[PDB]
Student: 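The structure follows.
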Amino acid sequence: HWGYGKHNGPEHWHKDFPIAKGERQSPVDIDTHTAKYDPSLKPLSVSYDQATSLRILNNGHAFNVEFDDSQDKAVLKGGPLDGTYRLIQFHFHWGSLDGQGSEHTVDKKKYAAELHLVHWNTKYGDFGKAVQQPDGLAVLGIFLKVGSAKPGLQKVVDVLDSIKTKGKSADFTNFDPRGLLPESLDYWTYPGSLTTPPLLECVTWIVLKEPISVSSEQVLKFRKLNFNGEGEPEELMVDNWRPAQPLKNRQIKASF
Ligand SMILES: O=S([O-])[O-]
Ligand SMILES: [Zn+2]
């Protein structure tokens with residue numbers, strides 16, 4: 001099965017998912033001198049006051065915080081988006097070391113981790129239908145740098161103990177995604193895909209300029225998770241990041 005090891009790593013995915021070599025693959029390197037300031041791009045609109053977190057799950061490649069997406073409770077609009085995108089889940093990508101973890105890179109600079117807030121276009125009625133469309137998904141990308149602790153993240157840090165191995169889930173209600181957002185909403189956008197199999201090219205990437213800082217110890221607990229199921233040989237959940245893919249003439253636009 002696909003994973004991040006030498007035998008089932010990103011360099012092998014193409015065999016099972018040929019799209020791996022597609023035209024709008026993610027992630028990419030964000031070259032700051034090359035991105036284009038586009039003045040016709042609107043401010044992002046993040047309405048998360050009504051978000052309904054449900055549970056946290058270890059799915060073997062990361063941990064997903066899942067939300068009730070049966071109604072327009074936590075949504076994203078504006079920016080380069082047309083229509084309403086409902087928040088479904090959020091997860092991270094992190095490294096074995098603080099000098100790596102992020103998927104996206106800024107001027108070839110890698111951050112300690114990358115937060116992904118996954119949203120789906122509501123005119124397609126369900127997540128499953130949306131991944132089949134060019135504009136089915138909106139993914140908010142936030143970088144993590146090691147510094148001071150992030151208040152807002154501790155609730156997550158605390159439950160990781162209960163979902164140590166693959167297939168474990170925990171109740172995780174009343175969690176507010178707002179405590180994960182940076183002050184500024186300045187962004188870069190490009191059309192890309194899912195960063196994990198099936199790597200479908202259904203994403204409008206929205207990558208935030210301003211990183212959020214988290215402490216060493218916060219980051220250390222992510223690294224305690226296991227890719228493996230319970231009663232199996234232990235394999236620490238580390239470096240679950242896909243390297244940068246060719247931009248192939250796509251244009252990266254900037255809101256600033
Ligand atoms: O949401 S991204 O990792 O496919
Ligand atoms: Zn992701």
Side-chain angles (χ1 to χ4, degrees), residues 1-4 8-10 13-14 16-17 19-30 46 56-67 69 74-76 79-81 85-95 100-106 110-121 124 126-144 153 156 163 166 177 180-181 187-208 211-212 214 219 222-223 225 227 237-245 250:
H1 171 93
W2 79 266
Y4 303 83
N8 56 0
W13 300 352
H14 72 106
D16 272 311
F17 313 92
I19 206 156
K21 324 230 153 205
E23 295 297 294
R24 50 167 295 177
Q25 288 289 297
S26 305
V28 311
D29 172 60
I30 300 174
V46 176
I56 198 178
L57 156 73
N58 177 335
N59 67 17
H61 50 262
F63 64 87
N64 292 177
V65 169
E66 303 157 347
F67 291 78
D69 71 347
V75 301
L76 216 211
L81 311 172
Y85 291 68
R86 288 173 190 162
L87 176 62
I88 184 156
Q89 61 104 338
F90 74 77
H91 61 275
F92 309 77
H93 302 271
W94 67 83
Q100 74 185 40
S102 61
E103 296 203 307
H104 288 97
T105 65
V106 176
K110 294 153 156 79
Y111 287 81
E114 201 171 312
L115 158 61
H116 295 153
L117 295 130
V118 180
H119 314 71
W120 63 268
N121 198 331
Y124 305 107
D126 74 61
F127 181 90
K129 293 309 205 134
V131 297
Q132 310 175 172
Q133 311 300 141
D135 61 334
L137 298 200
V139 176
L140 258 187
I142 309 190
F143 299 118
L144 277 67
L153 183 70
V156 170
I163 77 153
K166 163 171 190 74
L180 309 169
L181 311 182
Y187 65 96
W188 300 281
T189 187
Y190 81 99
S193 73
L194 298 179
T195 75
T196 70
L199 305 168
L200 306 171
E201 304 178 332
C202 64
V203 188
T204 299
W205 278 92
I206 297 167
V207 180
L208 293 188
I212 58 148
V214 301
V219 163
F222 291 13
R223 302 182 193 134
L225 263 23
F227 287 126
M237 186 188 284
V238 287
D239 296 311
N240 60 342
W241 55 271
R242 188 174 194 204
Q245 304 299 309
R250 272 170 293 174

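We count ligands from 1, going down the list as the structure has it; atoms in each ligand are counted the same way. Heavy atoms only: backbone and side chains are in, while hydrogens, waters and symmetry mates are out. Position 1 is the first residue of the sequence; numbering continues from there.
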Student: Do the side-chain N and O atoms of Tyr124 and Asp135 include a donor-acceptor pair separated by under 3.5 angstrom?
Tutor: yes
Student: Report yes if some N/O of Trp205 lies less than 3.5 Å from some N/O of ligand 1; otherwise report no.
Tutor: no
Student: Assess, by modelled atom type and distance only, whether the side chains of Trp120 and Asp69 contain a donor and an acceptor separated by less than 3.5 Å.
Tutor: yes
Student: Taking a cutoff of less than 4.0 Å between a non-hydrogen atom of the residue and any ligand atom, is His91 in contact with ligand 1?
Tutor: yes
Student: Would you indicate whether the side-chain heavy atoms of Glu114 and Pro27 approach each other to under 4.5 Å?
Tutor: no
Student: Among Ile142, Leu76, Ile206, which residue meets the side chain to side chain contact (heavy atoms under 4.5 Å, CB included) test with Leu117?
Tutor: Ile142
Student: Counting heavy atoms only, which part of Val203 comes closer than 4.0 Å to ligand 1: side chain, backbone, both or neither?
Tutor: neither
Student: In terms of atom number and element, which parts of ligand 1 are under 4.0 angstrom from non-hydrogen atoms of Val118?
Tutor: 1 (O)
Student: Can you tell me the N, O or S atom of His116 that's nearest the Zn ion (ligand 2)?
Tutor: ND1
Student: Output the list of atoms in ligand 1 that are nearer than 4.0 Å to some heavy atom of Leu194, sorted by atom number.
Tutor: 4 (O)
Student: If the plane angle is over 60° it's perpendicular, under 30° parallel, otherwise tilted; pick one for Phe143 and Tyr111.
Tutor: parallel
Student: Of all the non-hydrogen atoms in the protein, which one sits nearest to atom 3 (O) of ligand 1, and at what distance?
Tutor: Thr195 OG1, 2.7 Å
Student: Please round to the nearest 0.5 Å and tell me the distance separating atom CZ of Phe227 and atom CG of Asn59.
Tutor: 10.5 Å
